[PDB]
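Analysis of the macromolecular model
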2 protein chains.
Amino acid sequence: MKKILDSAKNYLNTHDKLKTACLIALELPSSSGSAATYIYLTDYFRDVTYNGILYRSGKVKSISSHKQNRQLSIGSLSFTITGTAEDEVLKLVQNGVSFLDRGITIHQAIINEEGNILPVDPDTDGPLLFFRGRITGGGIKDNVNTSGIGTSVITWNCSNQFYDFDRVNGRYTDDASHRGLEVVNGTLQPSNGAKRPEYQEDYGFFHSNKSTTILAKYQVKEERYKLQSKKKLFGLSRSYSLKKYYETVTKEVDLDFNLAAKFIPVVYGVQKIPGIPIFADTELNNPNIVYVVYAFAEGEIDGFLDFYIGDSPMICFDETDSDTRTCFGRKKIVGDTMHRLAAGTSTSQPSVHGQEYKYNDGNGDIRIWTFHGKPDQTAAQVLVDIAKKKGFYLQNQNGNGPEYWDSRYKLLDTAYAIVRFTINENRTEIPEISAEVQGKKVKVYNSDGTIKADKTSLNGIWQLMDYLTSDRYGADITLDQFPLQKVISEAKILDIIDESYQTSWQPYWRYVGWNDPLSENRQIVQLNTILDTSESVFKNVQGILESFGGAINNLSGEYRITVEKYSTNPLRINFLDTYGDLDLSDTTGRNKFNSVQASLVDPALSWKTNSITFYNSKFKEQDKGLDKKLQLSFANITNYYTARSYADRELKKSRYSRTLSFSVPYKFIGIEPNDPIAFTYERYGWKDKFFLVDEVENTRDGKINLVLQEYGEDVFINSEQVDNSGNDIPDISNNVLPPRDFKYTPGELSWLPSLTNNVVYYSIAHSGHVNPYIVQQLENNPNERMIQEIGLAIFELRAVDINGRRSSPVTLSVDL
Amino acid sequence: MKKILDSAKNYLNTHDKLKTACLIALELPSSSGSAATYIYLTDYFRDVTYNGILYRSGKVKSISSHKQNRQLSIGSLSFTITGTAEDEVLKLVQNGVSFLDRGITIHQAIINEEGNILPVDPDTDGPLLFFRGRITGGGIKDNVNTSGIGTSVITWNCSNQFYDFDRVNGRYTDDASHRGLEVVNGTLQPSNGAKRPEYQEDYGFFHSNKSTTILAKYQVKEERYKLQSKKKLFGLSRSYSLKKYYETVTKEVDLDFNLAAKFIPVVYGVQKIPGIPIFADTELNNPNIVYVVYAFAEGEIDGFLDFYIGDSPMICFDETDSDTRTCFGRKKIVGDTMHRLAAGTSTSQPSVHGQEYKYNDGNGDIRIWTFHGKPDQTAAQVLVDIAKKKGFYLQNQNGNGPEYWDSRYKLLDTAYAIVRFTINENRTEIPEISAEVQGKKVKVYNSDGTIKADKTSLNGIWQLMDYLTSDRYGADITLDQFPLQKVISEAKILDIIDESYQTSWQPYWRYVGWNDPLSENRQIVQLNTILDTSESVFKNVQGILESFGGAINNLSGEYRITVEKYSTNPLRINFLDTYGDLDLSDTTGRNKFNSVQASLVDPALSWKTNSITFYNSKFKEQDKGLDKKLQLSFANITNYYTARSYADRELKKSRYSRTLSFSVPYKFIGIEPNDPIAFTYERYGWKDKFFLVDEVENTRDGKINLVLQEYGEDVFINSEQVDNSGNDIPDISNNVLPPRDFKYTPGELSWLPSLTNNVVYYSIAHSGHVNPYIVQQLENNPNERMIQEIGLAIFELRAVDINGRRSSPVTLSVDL
């Protein structure tokens, strides 16, 4: 809906002969860089002046139609400026000019008797906006027929901001791609022309080419040059088939040849992402400590959360993981994070910047230095101080002074986590570190004008708009093209409370992505997003739109992010009003279903795929007892219950599946592709019947070519679901188990064999005996006790596997 | 550019009424095999007789248009022979005949007043060629309307040599596919109908089905039935998106189910390729020695170069690799290859056929016999002699006499490498051998007529020429369809010296692919390509064309491989000459870019992907400070610097991005789809403006339908580059390192623990003590010394990991 005013509504209803005029505020293709110079053309005939400039009226023969469906579709127009005007043709074909950018603004001025009749609320009462886009256009077509009249038309094409649909805006993890190295002057590379000059001086990605090999030195044979995939289980969109779709999903990516893995992700909410090994080296005079800088996400994270030192996280999943290895906090009920590690008291709080120190299970001292992104942040005093002492191995191997790391080695917008290992004989290899990262600071607006962009990383269209209004990783949209009021309205539409489940049965309340239990948190579409910035802007934005359900629609010149909705105030379009043509198209054979299957990245499965399925006794009995399953995978939703409700809603949406296609007059201007209307064609039997538009085609003439979708109340009324809490699937099975029992009987043999069946020799560590004891599993009997020979001594029992993993030391402080 | 002669130029300018006639020299569809019988049809009306045959003039109502752009596009025509001629329809529908081949040559004879006005320089002064292609044609269309007129036309289709665009012409590695086994007579396979009879008697891929399992016996659990990918990082061509494209790139292929892995690659220049295991066995009476024949590339390699015994090459990268393991030659400055290994003196020379023997790092004796391809080569006396002694295990296991290997077991065009292992307790498994192979015998022609072939694999259109004029793996093109002078001209265009970088700073001068430092070697587009013959002829050829930049174009009947160029002698086409239409299309939105990114398989990264990126201050300021990055990946270029210059050129080419489309009269015949013209439309302001044509559509009528592309001199002028030599990334991280220090102090304790934390037990081997000692890493302290107990004894220290790798033995010959 565009409001239009009651005055303009009355004029459109009564006057019945209205003189439309288009106000094209073109921006001239300019070379060499300067201030923007605008040529103001209008179609009309006189010279229509609107708030200042004349808007000359000697060109622009015609304007194309602005067709845009409920799918982001590079919405494109095309001028027809006469090719007999020397000025425009010269400006088009001049050598040197480049016009990738350059806004075009079109106003459809409804001329009054004397000068525009003032529609549009809270924009100064002038013409309706019509395009407000960028210019990506062609050129001349000359005909010069030898018989007679020939034509010559300049066809400026112009499209939405999402032109060049394969644009891949992302910051990468290379120094050259981070501060924009150039080859100006003779042979040196200054730092010019990169995203914000702060990056130009951000000398912090310089050692990133060689770090991967340095880690491959201290790493397992299999996981060499190998990260996990930064985005797993992307959204199914009917472009795939289930077998092919699930084949494309890969758990690990080969960093050696795949450079797309180096692109820095964008994470909203709470989600597990792998860490890119930016930096790697070992301390001098003690070359077992390894310093690794891991880049995870993009600017100003809420906080790092529960690092992964392998496939065993620091905070145990359930009493099951509590029993297997030594973990300090719990996860199912209570939201213990790394802050619990830092403080020692059970807390539910993200990492508070530079202090989330040592994680110590019996193996090695893992000191992790966690840093968010910031508009102004400085490198850790750890790396800078150690480089000042010149205590890095590769420094003196190459001969680098106090410039290997320095105060100018910042990392301005990224989520980098300096990780320190202590690789003893007890942790043989550096594992593959991933982490759970909580969100990106989405500017959350409020109907009031108080902007909350502080910690939140909310869940809704706020995420999409933040990805849209970001220079660094999004697509420049300037944040002035959005109307804030309806954006807030649709965001409030998203977070309508879902009285289906309860917060009591959400075990992992925290890692779904809501803080603080008691508060409501039961919101429809609580999506948690990974946006790997290596795919494309077009595809990421359409992925988010498919996730929450909606479309971006620059129809009235503003982007106006709409969502699916039900409301008691629709437009009452009667067939007599519209026009004559009325197409009905039941795509009912292929596009409606009786049961749905979904796919989540469930935190209740240690971020592993989980399946939700229904069946319906009403639906299948309606069909004829035919089995037909909708198939789905939710790339962005991690809460089991909200994904379940969303699957039910999309199932019923499929169940409706009716399309109308007709054309309405200029009376109904302002319609956007998610506005409710009620059709009342009397022959059909249709008295008010809820439809949501799917296409709007604004035409230069004035008619609108609508296309409808059939959406009853049942899809939005939502259903009631059963709790799923006991069916948790912790990832217990990635660690070798410790001795089951242990006591000293005056042997120290009481250790029962580890349940992990591939163990070769246990290790015993005395207080004074420098040489550890070795007992070997020559025979493996799960109920049997093997013996050691042997006061105030401390003891450690680490089971060793055929790989050397070592299991959480069970320690006894006994008196001999 | 076809020269067309001054006489023909004058006639086309003056006469203004010219009687065109087409000379169609069809080749009759013939069955059962015989000499070619040609029907000579012509369009005209009388009987136009050119150089012998009378060219009957009673058929062929019309001929289609010959359109071909800067993309090899199966350039196709279509005859229309009257279907009322009994002879032609009978030859069409006769059952038994096949015409897969059969040349069609069309001459557009410009009839003089009395008999053809003698154009075409060099060809007998006769008419221009028009098609010169092969016939892949359709058939009748009858109508016989009951009302009246009915039509009947024979639509002979005919297309370029690259018809059947999914042909997979390649040699593969099986006995039947190597010598064409057939099923004639009772119960024996003869060797008939294969590429040249020398393969028919080349009985040398017989033991190829079972070799892979024989190695899988002596091989790691992971690399079992697992080769690397013969072509890594193929060319991005906008058909892919970055994420999908980089995901498709796979480092290893599963040989068990992937039979495309067995196809023999073709390599030009130096590049790393894996070795297909076409043979494997062990000696009797001593079954530790393993004999493996590894097929690498095709005929007449310049030489094998730096074999790989794993991920650790024989020739160390830098002092870094020199320190880790024991490797003899250097690579980053000096070009030490396996010939250094054989001779013992630092050399830079490819393998000299069958003698590049033992590589001996302390572990086992790696005896490698290297063979090139050759039109007449014989199997080594090694395999034949051992088979004569009948000392192969599987021989007497199965009961095979002196025919398991024999002088008949040649490999008459293959780059095979008889590799001998000595699997001791010191090299537990046979590793996965890959290697670096130098090129193909490319026939390099010279303006003089002296063909230099055998010598070097060059880098240019000569590679594409060899791939085109090869019966074995290319597409039969007979080498008579090419005009040698234009090909030599284009090759000289490619190798114009790039005064951007210097040879002083290209570390791996040799392993890029140019021999002998001092010489120039600074050439634009030094592509070093891999052509796996399992993809297709069409896609491989377009791969080379996208690599160096160019197109294959048979408009004038000759393939005429053009490349992009700038020249001061263009054609001066004025709009008044053209006709009436003049299209213009600025795809500035999607096809104009500011920053480039590239992907190379550098030899300065042990053949691992590397990223070159630019930012440009002029361009981004020209746009509006809008970041839109061109993305590239060079599959064929291994120079950092030449790929850098190529990325700059292609970025600027994208920056220009203008297309014209118009038609010109027959005066301008000969225009070729990559020729320079200067278009001078007066109104646009366009005085001479350099365009390279993108399309040429020769028409039966005479008009030519050109399409232009805008390339200013800035793309060809090229720019300067920065030194990049210190930023090398050798693969140090693929081997276990030995003890850091070692000396004997009057026991042997001095060995400092290996930097590899994957260490279990060191091994000490005395001169007389049969049983080696074991010192175990019960505690790992990087600065500590552990002890052995214990004249004229020899010592060896091999660190052992949890896998059994073993390091390079550190040895002291001390007196106790």
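As deposited, the entry is annotated with cryo-EM as its determination method and 3.9 Å as its resolution.

Under the PDB entry, chain A has the name Baseplate hub protein pb3 and belongs to Escherichia phage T5. The PDB lists this entry under the title "Structure of the bacteriophage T5 tail tip complex". In its Subunit (literature references left out) section, the UniProt record describing chain A reads: "Homotrimer. Forms a pseudo-hexameric ring. Interacts with distal tail protein pb9 and straight fiber protein pb4." Heading Subcellular location of the UniProt record for chain A holds this comment: "Virion".

Attention shifts here to the sheet that holds strand β16 (residues 276–282) of chain A. All names here are of chain A. The 4 strands lie next to each other as β16-β17-β20-β19, forming an open sheet whose pairing is antiparallel. The open sheet has two edge strands with one neighbour each: β16 and β19 (367–370). For this sheet, the mean angle separating the axes of adjacent strands, direction not counted, is 15 degrees. Taken together, the 6 bridges between β16 and strand β17 (residues 289–295) define a ladder with antiparallel strand orientation.

Between chain B and chain A, the contact holds 79 residues from the first and 92 residues from the second. Between chain B and chain A, a total of about 7500 Å² is buried, with carbon and sulfur atoms accounting for 50% of that surface. Between A:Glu27 and B:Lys624 there is a salt bridge whose closest N-O contact spans 3.6 Å. Our enumeration of links across chain B and chain A arrives at 30 residue pairs in polar contact.

Take the pairing of strand β31 (residues 676–679) of chain A next. All names here are of chain A. Neither face of β31 is open: one carries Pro676 and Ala678, the other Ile677 and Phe679, and all of them are buried. Where strand β25 (residues 571–573) meets β31, 3 bridges bridge the pair, whose relative direction is parallel. Of the residues in β31, the one forming a bridge with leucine 571 is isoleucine 677.

This next bit is on the relation of the copies chain B and chain A. The operation relating chain B to chain A is a screw motion whose rotation component is 120 degrees, with 0.0 Å of axial translation and a residual RMSD of 0.2 Å. The superposition of one copy onto the other is thereby described by a three-fold rotation axis. Judged by C-alpha distance, B:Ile802 is the residue of chain B that lies nearest the rotation axis, at 4.4 Å. Little of the interface of chain B is mirrored in chain A, where only 4% of its interface residues again form contacts.

Counting 65 residues, the largest nonpolar core has A:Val293, A:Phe296, A:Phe304, A:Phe307, A:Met314, A:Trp405 and A:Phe421 as its most contacted members. Among the elements that make up this core, the one with the highest residue count is β17(A) (7 residues). If we skip the residues at most four places from it in the chain, A:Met314 touches A:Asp306, A:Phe307, A:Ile309, A:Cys327, A:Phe328, A:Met338, A:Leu341, A:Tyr359 and A:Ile368. Among the nonpolar cores identified, the runner-up in size contains 57 residues, and A:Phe263, B:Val270, B:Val292 and B:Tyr308 belong to it.

It is worth spelling out the packing of helix α11 (residues 461–468) of chain A against helix α14 (residues 537–548) of chain A at this point. All names here are of chain A. Contact geometry for α11 and α14: axes closest at 10 Å, N-to-C directions at 170 degrees. In this view, α11 runs roughly antiparallel relative to α14, as classed from their interaxial angle. Side by side, α11 and α14 meet where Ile461, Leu464, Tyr467 and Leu468 of the first sit next to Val537, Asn540, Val541, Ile544, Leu545 and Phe548 of the second. Here the residues of the contact of α11 with α14 are counted per class, giving 9 nonpolar, 1 polar and no charged.

The rules we used
Residues numbered from 1 in each chain as written, not as in the entry; some residues may be left out. Chains lettered and ligands numbered in written order. Part of a larger assembly, values for the part shown. Heavy atoms only, no water. UniProt positions renumbered as here; feature names shortened; annotations may be inferred. Pairing = 2+ DSSP bridges. Helix = DSSP H or I, 4+ residues; strand = E, 2+ residues; numbered from the N terminus. Axes fitted to C-alpha atoms, helices over the stretch in contact; angles between N-to-C directions. Contact = heavy atoms within 4.5 Å. Buried area = accessible area lost by both parts, 1.4 Å probe. Salt bridge = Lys/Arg side-chain N within 4 Å of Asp/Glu carboxyl O. Polar contact = N/O pair within 3.5 Å; in protein donor to acceptor, adjacent residues only side chain to side chain. Buried < 20%, exposed > 50% of the residue type's maximum accessible area, 1.4 Å probe, protein only. Least-squares fit on C-alpha atoms. Core = buried A, V, L, I, M, F, W, Y, C linked by side-chain atoms within 4.5 Å. Parallel < 35°, antiparallel > 145°, perpendicular 65-115°, else oblique. Nonpolar A, V, L, I, M, F, W, Y, C, P; charged D, E, K, R; others polar.

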